[PDB]
Amino acid sequence: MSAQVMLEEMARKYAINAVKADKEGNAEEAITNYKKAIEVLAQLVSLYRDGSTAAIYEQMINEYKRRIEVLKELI
Amino acid sequence: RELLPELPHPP
């Protein structure tokens, strides 16, 4: 398994954990996992900045950042 | 290139 695919799966696991916790109404756990997905996605952006997948990484970073900013206001 | 499966969108 390449470094790209391995990190992509890591980001996915975090993202799934965050959306699950989010829907269960656990703002903090949702936020923790979103941040961890963002950090892995930022790493993927550094490693493959000029590739075609980067636009999707960058899109998801922003979606997750925006969900963080909403959930932060609760708690 | 695309992610398959898609990364989940937030609520």
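These numbers come from the heavy atoms of this one structure, side chains and all, not from hydrogens, waters or symmetry mates. In what follows, chains are A, B, ... by sequence order, proteins preceding strands, each numbered from 1.
- Scanning all heavy atoms of the two residues, the minimum distance from A:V19 to B:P11 falls at CG1-CD, 4.1 Å.
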Criterion side-chain contact (heavy atoms from CB on, under 4.5 Å) on A:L47 and A:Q4, from CA distance to verdict: CA-CA 8 Å; A:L47 280 160; A:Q4 191 165 203; over 6 Å; no
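- Sequence neighbours left out, the pairs with a member in residues 3-16 of chain A that pass salt bridge (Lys or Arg N to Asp or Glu O under 4.0 Å) are A:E8-B:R1, A:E9-A:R12.
- For residues 6-28 of chain A, the set of pairs meeting the ring-ring contact (aromatic ring centres under 6.0 Å, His included) definition, not counting sequence neighbours, is empty.
- Nearest heavy-atom pair, A:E73 versus A:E69, reported as atom, atom and distance to 0.1 Å: CG-O, 3.6 Å.
- Here A:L41 contributes atom CG and A:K36 contributes atom NZ; the two are 13.5 Å apart, rounded to the nearest 0.5 Å.
- Qualifying salt bridge (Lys or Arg N to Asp or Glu O under 4.0 Å) partners for A:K20, counting only residues two or more places apart in sequence or in other chains: A:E24.
- Cluster membership check: A:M10 shares its hydrophobic cluster with B:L3, using side-chain heavy-atom separations under 4.5 Å among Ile, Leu, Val, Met, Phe, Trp and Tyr.
- Legend: salt bridge (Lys or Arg N to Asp or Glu O under 4.0 Å) pairs involving residues 47-67 of chain A, not counting sequence neighbours, sorted by first then second residue: A:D22-A:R67.
- Annotation: ring-ring contact (aromatic ring centres under 6.0 Å, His included) contacts involving residues 51-75 of chain A, sequence neighbours excluded, comprise A:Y34-A:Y64.
- Remark: B:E2 engages A:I56, B:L4 in a side chain to side chain contact (heavy atoms under 4.5 Å, CB included) (not counting sequence neighbours).
- Shortest non-hydrogen contact noted between A:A37 and A:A11 is CB-O, 3.8 Å.
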Using atom types as modelled, flag every donor-acceptor pair under 3.5 Å from a side chain in residues 26-33 of chain A to any protein atom, sequence neighbours excluded.
from	atom 1	to	atom 2	distance (Å)
A:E28	OE2	A:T32	OG1	2.9
A:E29	OE2	A:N33	ND2	3.3
A:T32	OG1	A:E28	O	2.8
A:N33	ND2	A:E29	O	2.9

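- Follow the hydrophobic side-chain contacts under 4.5 Å out from A:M6 and you reach A:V45 in the same cluster.
- When hydrophobic clusters are built by joining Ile, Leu, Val, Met, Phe, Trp and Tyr residues whose side-chain heavy atoms come closer than 4.5 Å, directly or via intermediates, B:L7 is not grouped with A:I16.
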